[PDB]
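Below is one structure, written out as structure tokens, with a few remarks after it.
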Amino acid sequence: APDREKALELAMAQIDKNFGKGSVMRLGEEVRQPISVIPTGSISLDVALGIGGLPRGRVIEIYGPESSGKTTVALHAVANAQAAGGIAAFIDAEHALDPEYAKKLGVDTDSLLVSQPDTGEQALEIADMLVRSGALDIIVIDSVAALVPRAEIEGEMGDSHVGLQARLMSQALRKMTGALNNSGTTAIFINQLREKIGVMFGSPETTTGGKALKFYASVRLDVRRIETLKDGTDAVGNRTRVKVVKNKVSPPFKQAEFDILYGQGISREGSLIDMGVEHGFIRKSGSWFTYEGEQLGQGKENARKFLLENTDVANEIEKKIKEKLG
């Protein structure tokens, strides 16, 4: 009771000191303030990070099977970082990006830097100096599994005696991190995979590069698709679930879900309905959503419709959901 809580709180103190920001931390803390934070679009995922958005000046890794929604976030994370006089850079190595879409999210493509490395070392060296500049305030290495070494991509082997794509990543991230912090340029890395089977086995290892990325990232996000959608017709989109499996700026293991419409991507509107009920700020009168008095409609997408008609009631519902959490 006495000397205990006393010796502990003290001990941890002696820890964070010679060990980064919050090395140790109880899963039920309040967290301080990393101010610099990029809205991830989805608010659900925002409070999830505890800090409300991606911690600026750090390395983020969004990993998950295909069709999940990794970039959608990343992109948004850019659409926001941008709509604030920010400069974004997109180190593409998958040659898989669709402006039309990234435009409907809020990215200023025309003003978006987008390189296309021919080798791994290249993709990373670029991001390095393209970081020192203190200009960029967010870069997005698209596809870690794609950062193939000059070697394997130069016939001379595919491996033979190495761990290159691993030795590679490590080397980079290393001198790549110290520089990120200074320039305060948060860096997102997209990881590619294939989903579960009830209980995970698979390859938490890595696409031989992410091994290091694990220890260097300050936040890691497990973006898995949970279930598709419908509303009379066929399907307007996927609902996705993100499990923040690591976090050195707030408590980890938090959850967050939200809708990705095949059209506009994230569904702010609907993202409110969900957190609207979970926070009582809106109620259900039997599949008939209603916000104190006036009903929104029968069915999430219907209330989404109505919520998508008038910005006011929305900004209001938003207004409250945010004050009940900070």
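Numbering (full-length UniProt numbering), first residue to last: 5 to 330.
We put the beta carbon where it would ideally sit given N, CA and C, even for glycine.
Between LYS258 and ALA11, the C-beta gap is not smaller than 7 Å, which leaves the two residues out of contact.
Of the residues assessed, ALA15 falls on the exposed side of the cut-off, its CB having fewer than 16 other CB atoms within 10 angstroms. Straight-line measurement puts the Cα of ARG178 at about 22 Å from the Cα of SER40. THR189 sits buried, since 16 or more C-beta atoms from the chains shown fall within 10 Å of its C-beta. Look at the beta carbons and you see the region 201 to 211 not touching the region 23 to 30: under three pairs across the two are nearer than 8 Å.
When the Cα atoms are used, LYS323 and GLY301 turn out to be separated by approximately 20 Å.
As a beta-bridge residue in DSSP terms, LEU265 pairs with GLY241, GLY269. When only Cα atoms are considered, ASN242 and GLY32 end up about 31 Å apart.
Taking the C-beta atoms as reference points, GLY68 is found no nearer than 7 Å to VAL223. For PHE219, the uninterrupted alpha helix (DSSP H) run begins and ends at 214 to 220, by DSSP.
In this structure the region 96 to 107 does not touch the region 225 to 240; the number of beta carbon pairs closer than 8 Å is below three. For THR232, the pairing in a beta bridge is given by DSSP as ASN242. When only Cα atoms are considered, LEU184 and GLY61 end up about 6 Å apart.
The three-state reading of DSSP puts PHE310 in helix, counting H, G and I together.
Comparing alpha carbon positions, the residue from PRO103, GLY90, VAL148 closest to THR123 is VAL148.
The region 67 to 134 contains, as complete alpha helix (DSSP H) runs of 4+ residues, the segments 74 to 86, 103 to 109 (chain order). Between the alpha carbons of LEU311 and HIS283 lies a distance of about 17 Å. In the DSSP assignment, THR210 falls outside any beta strand (DSSP E) and carries neither an H nor an E. Secondary structure at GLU65: strand, using DSSP grouped into helix, strand and coil. When secondary structure is reduced to three states using DSSP, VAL223 falls in the strand class. In this chain, the beta strand (DSSP E) harbouring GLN196 covers 190 to 196. By the neighbour-count definition (other C-beta atoms within 10 Å, threshold 16), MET161 is an exposed residue.
CA-CA distance, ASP50 to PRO121, rounds to 32 Å. Selection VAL63, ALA106, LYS74, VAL144 evaluated against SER119 yields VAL144 as nearest (Cα-Cα). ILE145 has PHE193 as its beta-bridge partners, per DSSP. Excluding its 5 nearest sequence neighbours in each direction, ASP112 has C-beta neighbours in its own chain below 6 Å: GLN86, listed in chain order.
CA-CA distance, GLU320 to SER271, rounds to 17 Å. The beta-carbon separation of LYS288 and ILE194, rounded to 36 Å, does not stay under the 8 Å limit for a contact. In the three-state reduction of the DSSP assignment, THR44 falls in the coil class. Considering only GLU261, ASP238, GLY330, the residue with the shortest C-alpha distance to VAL248 is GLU261. Between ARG308 and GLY269, the CB-CB gap reaches or exceeds 7 Å. Shown here, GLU305 sits in a helix according to DSSP, grouped into three states. Spanning the alpha carbons of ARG154 and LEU197 requires a straight line of approximately 23 Å. Per DSSP, reduced to three states, the secondary structure at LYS328 is coil, with no helix or strand assignment. Taking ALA139 as the centre and dropping the five residues before and after it, the same chain places the C-beta of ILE91 closer than 8 Å to its C-beta, in chain order.
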